[PDB]
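This report concerns only the one structure given below.
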Amino acid sequence: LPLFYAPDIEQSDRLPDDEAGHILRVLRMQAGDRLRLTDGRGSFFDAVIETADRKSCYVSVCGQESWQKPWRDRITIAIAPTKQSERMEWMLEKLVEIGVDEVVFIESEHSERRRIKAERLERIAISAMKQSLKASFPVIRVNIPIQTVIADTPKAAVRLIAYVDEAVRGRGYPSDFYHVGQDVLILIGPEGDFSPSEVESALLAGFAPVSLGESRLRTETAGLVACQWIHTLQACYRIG
Amino acid sequence: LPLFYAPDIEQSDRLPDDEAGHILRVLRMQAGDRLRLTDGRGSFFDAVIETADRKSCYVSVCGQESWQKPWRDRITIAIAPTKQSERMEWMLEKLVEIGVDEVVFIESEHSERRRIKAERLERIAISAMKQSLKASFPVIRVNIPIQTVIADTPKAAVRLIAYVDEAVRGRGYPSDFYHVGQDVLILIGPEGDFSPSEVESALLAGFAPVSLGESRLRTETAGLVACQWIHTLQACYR
Ligand SMILES: Nc1ncnc2c1ncn2[C@@H]1O[C@H](CO)[C@@H](O)[C@H]1O
Ligand SMILES: Nc1ncnc2c1ncn2[C@@H]1O[C@H](CO)[C@@H](O)[C@H]1O
């Protein structure tokens, strides 16, 4: 079973301090015990504990394989942060479980404006990677202005913008715009939604306006639903 | 406009204490101010604050309407409870947002045998109902034997059993079996998954074996994903 993260495994047999502590102290494993490792960059490694020190754990690598990513294309969720950090952190973990390549926390007219710490979110993604047995974790970006996302998202991507609130004066669904074979980015707004002016700018740049369904979702739940829309479409649209 | 919960609104013009406190003491609203209530049984009510006391908030009701549920058919998630109840609290909140009619916590061979904090789950369901502007919250069942779910779920209903693990494993996807117009129940197992014989029994009864995707999901995530599969399928066919 369990997978450990060792980003420097290709150049070093010393495991990171945190993984070492867990493996030796918490799990009480010993020299000769086998381990699965990932570098976080698409590979799994078979390893055996060589040496256990008071502080550190050293392994030998016996073999290696490339992970086959269990979805197609690149999926980016670009989304407003939640007021409560627990909610966006719970969401991040779920997105990693489901399958995501990039999560961008944005700034928009009606969004929360506090600086978001990238490192804690990275650690949460790494944790969900190991838990769900994946060999990669998404790119995380924080405090990115909405207009940067609109202007600079690679235009070969299907770029969807989700909005709900009645005041924002037609939509369609992700199934109307998403094609397997292309990258996809979904932009999801704050509790107060995107402004009309933000939407026009999105559409001018080639974004397609979408609904995620008929229920009124919290921000973090809309991130999850949007990502699952993509996975669902990749499955229920397989030909054969 | 925020929505408040007043289950007794048809018999009483006194608001429940937690809502009264929030409205007067936290939100600072006063008599003459308009409110939206639900009884949690499918109706919204238009109301006005009439009187505030040192202890109570009294309203008058000036309109009532039946809620239009934002999905079709009935959706049931029948799931093994996680060791930690916090995971199940998060899941239920999101299921209520997304849209579900019934959530059934099961007992199966490998499932966690524990009391479910059912009062807590109702409270979460009620909060999610109010946040997402719904007028009802799902039926929540606890400690239901898996064999009861297998045997007694109506045959008219699309019945899916999700399983993933190697020893147990052809599966389709929920889209190979569900089409709009029919009720749906999805059976989701514990960490150890359903045993072979549970699968066999379910399959004997007419359940369809499904995969939810290629990713390894925690129990709580699989609940959400299965529910969303249904909503997605419904949207595609509007
Ligand atoms: N049903 C929905 N359809 C489209 N977008 C949605 C839906 N529910 C939530 N959202 C998104 O979540 C954000 C916060 O509610 C909104 O700005 C919007 O981007
Ligand atoms: N890919 C999947 N396909 C089917 N069921 C799944 C999948 N991932 C998780 N589950 C469900 O979640 C439970 C816990 O893994 C399983 O018993 C199963 O019911």
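Please note: Cβ atoms are built from the backbone with ideal geometry, for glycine as well, and neighbour counts cover all protein chains shown. Values in this text are rule-based calculations from the coordinates and carry no lab data.
Just a few scattered comments:
- Highest average packing first - A:74-82, A:10-18, A:135-143, Cβ atoms within 10 Å: A:74-82, A:135-143, A:10-18
- Projection of the Cα convex hull of the range B:1-68, averaged over all directions and equal to a quarter of that hull's surface, yields 4.2 nm².
- The ranking of A:4, B:194, A:177 by Cβ neighbour count inside 10 Å, starting from the fewest, reads A:177, A:4, B:194.
- A helix-only calculation puts chain B at -8500 deg cm²/dmol for mean residue ellipticity at 222 nm, using -39500 (n - 2.57) for each DSSP H run of at least four residues, averaged over all residues.
- Whichever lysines have a C-alpha closer than 17 Å to that of residue A:155, once near sequence neighbours (fewer than 8 apart) are set aside: none
- Between the range B:134-195 and the range A:127-194, the alpha-carbon center distance in angstrom: 30
- For chain B, a simple Cβ point-charge model (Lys and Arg +1, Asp and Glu -1, everything else neutral) yields a dipole of about 340 debye relative to the Cα centre.
- Listed by chain and number, the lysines placed with their C-alpha closer than 24 angstrom to that of residue B:130 are A:83, A:94, B:55, B:69, B:94, B:117; residues fewer than eight positions away on the same chain are left out.
- Pairwise centroid distance, computed over Cα atoms, of the range A:57-87 with the range A:1-54, Å: 18
- Cα pair distances in the range B:69-238, grouped into 5 Å bins until the bin that holds the longest one, percent each: 1, 9, 20, 23, 22, 15, 8, 2, 0
- Shown here is the pair-distance distribution of the protein assembly as shown: with all Cα-Cα distances grouped in 10 Å bins from zero up to the longest one, the shares run 4, 18, 26, 26, 18, 7, 2, 0 percent.
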